[PDB]
Structures are given as C-alpha cells and as structure tokens.
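Taking the form deposited in one PDB entry, here's one chain by itself in structure tokens.
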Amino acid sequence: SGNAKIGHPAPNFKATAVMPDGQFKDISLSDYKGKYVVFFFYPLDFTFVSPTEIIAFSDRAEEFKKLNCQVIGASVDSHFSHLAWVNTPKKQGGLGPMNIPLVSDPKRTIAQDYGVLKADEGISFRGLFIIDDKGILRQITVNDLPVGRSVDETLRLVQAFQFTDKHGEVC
C-alpha cells in the first residue's frame, strides 16, 4: 500500500522538523518545489545503524546542494527526541550538529503515505525517495531494518535523473 508511485506527485506532508540551526519548524515537501529532494526514513532515534546514515548524509549535504537537491530525514520519533539526539555530541553517541532537517512523524501518517510503515512495530523501514523539482517521485528504495543506505549511490541516482531530465525536456 501507500501512495508513493513513480511518475506521480510524491505525497505531500506537513510536519515538525528539527532544522540545521537546531530549532524546530513546520515544513512541507511542497516548500521544496524547484529543487530535487532526497527524502529518507529511518526506524527510530538513538539506535546504532541510523546515526551512521544520518551523519553521512549530513556530512555530505554540500554535494547535494551543488545538485540543487535538498536532503530530508524522517522518523516516527517526536521532535523533542530528534533535538535531544542532535544535542548529544557525536563523541558521546549522538548526531551532533546537522546540515539537514529531521522530520518527526509521530502519527505515522507520512510513513504510511510512503508505504514504509512496519505495521507490526509502529516504525518505518529504511525508505529513501528521490523527488524531482516538479514534485514527481522518480525513485523508490526500501531496505529491511539491518542494512543501511549509500550516499554515493544516492548521488549517482540524483545526478542520473538530472542528466536524463535534459533529453526532450517536457518543454
């Protein structure tokens, strides 16, 4: 199930995020019209594989910015939980300061809209979605919980979609 379909508008959302400046902020996917978006879910805060993924995307956010691409992470934890994790230094097992926003999905409706809810557990799988600058979903990636994602592979995909966007442009 879910409503994430290739070639269709990616499901919009409006949710509280912890922004890179460390403050909250209600943001919507539609805020990022005109930019590509990498939108990725992770199961929950304060775990072992997820911080390595989050820090990798945050550390390399400049490479996405050079592609006019916004990276957004998300999980079902509360926005206070996200902020606590950001405020915990990397040296102590936290995220430390972030270059990307982290969305809170406490009612699980965004995870359900993207088809990545592990219903038996109330957490999301490791879903990653590439959305173009028109808001159209271009790529779906979902990993079972034990195996993380690759920033290199994500950049390869974003670059490839932008390259092919140039043949016979819809106008």
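Numbering starts at 1 and follows the sequence shown.
Keep in mind the form deposited with a small molecule bound is missing from the figure; the text below concerns it.
The single contact residue among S50, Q70, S58, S104, judged by any heavy atom lying within 4.5 Å of the small molecule in the deposited complex, is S50. The listed set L145, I136, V142, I27 contains one residue whose heavy atoms approach the small molecule in the deposited complex to within 4.5 Å, identified as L145. The stretch among 122-130, 30-38, 62-70, 106-114 whose residues place heavy atoms within 4.5 Å of the small molecule in the deposited complex is 122-130.
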